[PDB]
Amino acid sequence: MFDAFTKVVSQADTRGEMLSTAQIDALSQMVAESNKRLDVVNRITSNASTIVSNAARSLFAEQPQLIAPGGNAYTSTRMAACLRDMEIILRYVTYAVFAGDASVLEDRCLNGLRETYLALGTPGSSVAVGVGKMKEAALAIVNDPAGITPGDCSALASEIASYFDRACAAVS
């Protein structure tokens, strides 16, 4: 996997180059804003199970066919499985945010997922809706002005939404 640094480093290496001082300045900038990154990781994590449970509940109300007997989330093995996936996707999104690079999320979570769902009969579009709701709730928790040093987190919010969107796209 890559973090924001080693992503740049690996690209440099295949060119046999040292980083341009422009590149280094970009990284310096990312460093200077890292407190905000870490806050976002802590906040999302600190609400993982309400993020997950709420989105799940909400999804089910919108899509009752999912939990009607016969639906993919009917029976406890399956509901459990379904909740577990929500948590997993959220886990890997937080990883990518912390590392500052989508690779962990791409490689270990999303890659091959669309095919896994197809084979199982799980409706991807539905998962994506789930992911769509977690993303909203997450961002709202990130952006909450209470209890934090006031500043602009909007670039970060934009990045975090990016990672959620990838997850949703990867199962759609």
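Numbers follow the displayed sequence, beginning with 1.
- Across the two stretches, 19-27 and 154-162, the PDB entry reports the greater mean Cα temperature factor for 19-27.
- Between 64-72 and 110-118, the higher mean Cα B-factor belongs to 110-118.
- Residue-level inspection of the entry shows that, of 48, 32, 140, 55, 32 has the top Cα B-factor.
- Residue 146: CA B factor in the highest third of modelled residues in this chain (values from the PDB entry).
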